[PDB]
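Peer 1: experimental structure and sequence below.
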Amino acid sequence: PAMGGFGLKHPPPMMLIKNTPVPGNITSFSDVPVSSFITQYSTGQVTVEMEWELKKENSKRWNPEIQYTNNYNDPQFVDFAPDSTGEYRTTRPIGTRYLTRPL
Amino acid sequence: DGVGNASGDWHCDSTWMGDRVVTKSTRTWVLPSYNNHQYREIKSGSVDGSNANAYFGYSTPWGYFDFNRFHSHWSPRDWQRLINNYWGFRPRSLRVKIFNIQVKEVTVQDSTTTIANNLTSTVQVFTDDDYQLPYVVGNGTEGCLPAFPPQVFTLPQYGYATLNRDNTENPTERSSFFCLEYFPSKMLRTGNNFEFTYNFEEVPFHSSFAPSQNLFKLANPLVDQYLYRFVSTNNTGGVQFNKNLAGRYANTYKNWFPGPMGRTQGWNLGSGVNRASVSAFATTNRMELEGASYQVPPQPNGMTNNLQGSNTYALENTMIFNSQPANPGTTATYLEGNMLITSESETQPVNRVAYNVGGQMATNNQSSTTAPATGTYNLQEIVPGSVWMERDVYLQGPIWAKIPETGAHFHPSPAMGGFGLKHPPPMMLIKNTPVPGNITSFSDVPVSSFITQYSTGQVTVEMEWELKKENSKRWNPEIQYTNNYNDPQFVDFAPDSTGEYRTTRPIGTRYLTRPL
Amino acid sequence: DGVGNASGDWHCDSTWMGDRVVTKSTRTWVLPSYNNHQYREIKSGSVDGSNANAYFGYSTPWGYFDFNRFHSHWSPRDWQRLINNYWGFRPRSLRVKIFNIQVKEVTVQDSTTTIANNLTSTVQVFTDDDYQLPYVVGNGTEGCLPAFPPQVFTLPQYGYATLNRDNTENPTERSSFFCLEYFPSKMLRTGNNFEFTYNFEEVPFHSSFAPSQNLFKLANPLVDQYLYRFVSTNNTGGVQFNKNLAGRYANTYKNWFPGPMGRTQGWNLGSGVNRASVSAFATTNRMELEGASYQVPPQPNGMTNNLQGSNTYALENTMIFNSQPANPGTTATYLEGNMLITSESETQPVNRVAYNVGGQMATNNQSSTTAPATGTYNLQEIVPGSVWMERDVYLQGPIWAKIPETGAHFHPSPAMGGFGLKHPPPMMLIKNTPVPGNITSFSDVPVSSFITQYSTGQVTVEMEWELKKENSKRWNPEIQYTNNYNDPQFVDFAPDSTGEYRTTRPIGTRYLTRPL
Amino acid sequence: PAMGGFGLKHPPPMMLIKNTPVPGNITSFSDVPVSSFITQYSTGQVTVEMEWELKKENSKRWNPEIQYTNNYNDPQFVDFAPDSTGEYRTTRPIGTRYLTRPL
């Protein structure tokens, strides 16, 4: 895929969810479908557990490598943390290539 | 289990079984929803003209159980039974239980504020068993299980300070954020309960006895020493000696020395004039750290803040409690009449007096032309063959402290008293799981409207303590902690006419004596 | 073992055993001490007016064995036996042996330069089996085992380029240094030997046959197609069709297409006028990479550089060898008479001609007012149902290339021919262990005076190849590679009067034919 | 130890080495010790193999940590590598504390 990631023939199936409808007060019969419902919503918890397999880095480079590091000159707030308002901050995209390999 | 079945029972007790005693306490707690479910980054600059006051940290929406006060486990009367009969004690195990939970939803429509219970809501609970979070429990802060069992308490909010940059409110690239929802926790509905056990690591017994002898006068007052001492020079400069006589303790040779001391200022309580209109801060004992100046009460162990039968107190070497609990952030000026000022006068035979100089020593080299000169010192640290007594534990004081992980420490015994532990009883955190209000459309922006609610429940703590049996051969009767009041107007350690619990005195731990 | 016992024997051979053939080669190598035992950081700026020439890297004091040329394993006559009889072949295994080592010390005192052998000196040897080092072997560079067995060769010095910054000589924070002494190696004294085996990964057979049919004329010339084709519009604009007749290949419907092509410039060899006083570079085919322009011979697979029976060559789609080995860094201007110019004319029935346009196609939309227009193209990449022939292997050419590790590639077959391997025969590095000169005092500064020395020894390579038996039903006789010279003045592929090995022609691999 | 490292009661024993003396041409007897030797030196290889035990980092910090990283603005040469002369370069002391822990 152009946007990155794994391309799958059969990816993690979609999980759909909905609130089962509950009819309001209906006093007479009609062949026309019910259109008045009790308004409602739901909430809950969801847990996702993923196992990932890793490929161990096996280099013979002598000198030290580049690493992703928390480097900020005079931070006004901690990055990747909630600020004074409670809203989560993120000031930079973190890619994936820091280690090197000879071609 | 279910809504109409109770998840646990009430246990308050004390079971003495020889070498052990087991205490049980149950209390009723209430938990507010803190911060409205969110983390906030809290901070401060230089407050009250001191940048040691600056910090940077985080408040969380979690609350925690804190039972690190002796009165949370001991009744006044069991405490008396302990300090009048044993030479020491130490904690062995801990068992905690949270049960009978009830989540209440609060709705304030049209100023009616009705409280209904929500049978389907949860509270999350976990214990930080690997000490991965900032441990805030053993630092003399409020929010512990109350002294008196019928009292209902509010759990305090968990928060912590991390690193600030240059004594300002700003963080550093090393400041850390800990998300507590990033630990595994249990969820409890109204029929559920949480249970947790812990064993303390072998620690030394607290020493609940006072020394019956003075450290500098351990020689037999009937025999002379076979050692001599330099006493002067004759008109020509030749040195002269004199034998150390029997009972002349001012001159005998000593084998052991008193513990470390750092002079503190002494003030008079009750009768006894002090300097008028003083402002303590400017002249208190300080330690520098990262460029800032901090007060360091109660000073390090090894001194005595009071000399028996005297009203002079080295106030900063003292633990000062209030006779009652206070409201948050009070700036009232309390007087001696409101306090429970502790005294360590029963360690004076071994610990130096904090408001006096520690001794003196040679300042020059005498010769036919110069006379020997000496100069006193105000501080003196550890030397080899030094002995002192640790600070005492009070019923209204702290049981343990976590020894900071740094890889290097000396004699891990906390300044405020109690046991110093590498791995102390883990923190137990708790919070009301958030429940969203009516949300009708989708948004990628996080939900910010919740149903307001709170919880309440019971908590039981069960601690096993090991005792060290007193084994004296003293002939005459000892001093004992006793209920002695001249013309009581009310019973102490009991509820008064209003229903509020009274306590007029700090109860330490050293009544029994021992020869050195 | 010992000084007076030989550590191995001489093996040169070829053993044909049906479906397999095993070649063995032994050569004598000499190894100079490179750089005087030290690593140097080598670099270049923009040379010859091209910053694609800039680099940054390291030379090391190691040398390596390179046997990635066919003539290192095949004699001219065994090569002929292979290309006249088989349809394909592929490498199966490799076994290498280094033995009979001799370290020589060289002393030049008073211009006498005497060579003595040093019985106690070592050479270090290792193979990079995990491909942790820059693999420089399959890039058409010199220093392979020689074609002719009696020749003695010098091992080349290992060096590599890493990343340079912005087409300049400077490194980047990603440039890496590899210390080769940081791998485990064997040490060999004059009685020792080194042995190493390897198995190739299943690869496709090389195709050593030429197509006996043209790809666009696979239909039976006797039958018409049951498909029709648009041939015009009548005076009103209505469309008209015509049946595709028998043998009218210019119109039949096709199922398959020729391989990818990128137009290259065509030049005439021998007879055939070219533009006078030209400077190729300015107009050669290029690819940009990191901001620089690189020439890319021999262009990607799928084209033919020559049309059989013609003297026009798409020179940059061609492998050009020299009839003999040259000195390092020669800037001489060779003429056609000195070269061994290869031709891929036997793939013309399937591969497009590199110096011609690749075809044409619709450029507009016809209507009552506009006539259909078409435009030719100069490049065309892969389409589905495309077929082409890979480049041929020559006796004087390369056997394999390492496929670069990037996680994404298409049809890993090297432009220069041969097998593309994920994990190719590991590099074998070798160096003379340094021996310090007379050092009389201590210094923390590394020793810089060494005894000068070199080594020599024998190396044996044993490769097993698998063959694909030719299974034709052609009736008439085939084309074969044959020793045909009109009035020879010397025998080709033999030493001349001087003792130097002659080779006047590149010997490819496609003589046998097959119907498509 | 003030300079850092491990303080040992019984540290890795000292390994001493010397060239055994070889007397020059001595033609007569003397009770006086020989003082003329053949001058010589030695050389060889030395291999040291150390096993180290590690303490695995077990943090619950959320935001990213500080890491030692190869960061140079406009390098003129690779650090911790041989330069054009062949001499090994090192422009910075590399300590050991990058990870953090709550007290």
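Peer 2: Great, that's in hand. Residues are numbered from 1 along each chain as shown, chains lettered A, B, ... in the order given.

Peer 1: alpha carbons only for contacts and neighbour counts from here, please
Peer 2: Fine.

Peer 1: chain B contacts on chain A?
Peer 2: Within reach of chain B by Cα under 8 Å from any Cα of the partner chain, chain A has these residues: A:41, A:43, A:70-72, A:74-78, A:81-86.

Peer 1: surely residue A:85 and residue B:40 touch.
Peer 2: Yes - using Cα atoms under 8 Å, residue A:85 makes contact with residue B:40 at a distance of 6.0 Å.

Peer 1: neighbour count: the two, which is higher?
Peer 2: Set residue A:85 next to residue B:40 and count neighbours by other Cα atoms under 10 Å in any protein chain shown: residue B:40 wins out with 21 against 11.

Peer 1: is it correct that the more buried one is in contact with residue B:56?
Peer 2: No - judged on Cα under 8 Å, residue B:40 makes no contact with residue B:56 at a distance of 10.9 Å.

Peer 1: hmm, back to that, among the residues of chain A next to chain B, which two are most distant?
Peer 2: Using Cα to Cα, those reach their maximum pairwise distance at A:41 and A:74, which is 45.4 Å.

Peer 1: quick one: the helices in chain A?
Peer 2: Taking DSSP state H, chain A contains no helices at all.

Peer 1: which parts of it sit against chain C?
Peer 2: Residues of chain A lying near chain C (Cα under 8 Å from any Cα): A:58-63, A:65-66, A:100-103.

Peer 1: kindly indicate which of these lies nearest chain B.
Peer 2: residue A:66 (18.0 Å; Cα to the nearest Cα).

Peer 1: tell me which residue lies farthest from the centre of chain A.
Peer 2: Distance to the chain centre peaks in chain A at residue A:28, reaching 47.6 Å (criterion: Cα atoms, centre = their mean).

Peer 1: and the gap between that one and chain B?
Peer 2: Using Cα to the nearest Cα, to the nearest Å, residue A:28 is found at 30 Å from chain B.

Peer 1: state the phi and psi torsions of that residue.
Peer 2: Backbone torsions of residue A:28, given as degrees, to the nearest 10, read phi -130, psi 170.

Peer 1: and what of the one 5 residues further on?
Peer 2: In this entry, residue A:33 is assigned phi and psi values of phi -50, psi 140 (degrees, to the nearest 10).

Peer 1: list the contacts of the closest residue to residue A:24 other than its chain neighbours.
Peer 2: Distances taken as Cα to Cα, 6 or more residues apart in numbering or on different chains place residue A:37 nearest to residue A:24, at 4.7 Å, with adjacent residues excluded. Going by Cα atoms under 8 Å, 6 or more residues apart in numbering or on different chains, residue A:37 touches A:21-24.

Peer 1: neighbouring contacts of stretch A:78-92?
Peer 2: The contact list for stretch A:78-92, computed with Cα under 8 Å, 6+ apart, reads A:77, B:38-42, B:171-173, B:175-177, D:62-64.

Peer 1: what does stretch A:53-67 give?
Peer 2: Against stretch A:53-67 from outside (Cα under 8 Å, 6+ apart): A:98-101, C:132-133, C:173-174, C:176-179, C:182, D:67-71, D:79-81.

Peer 1: mind doing that once more with 7 Å?
Peer 2: Applying Cα atoms under 7 Å, 6 or more residues apart in numbering or on different chains, the contact partners of stretch A:53-67 are A:98-99, C:132, C:174, C:176-179, D:67, D:69-71, D:80-81.

Peer 1: distance of the residue positioned nearest the centre of chain A from chain C?
Peer 2: With distances taken as Cα atoms, centre = their mean, the residue of chain A nearest its centroid is residue A:48 (10.2 Å). To chain C, residue A:48 is 29 Å away according to Cα to the nearest Cα.
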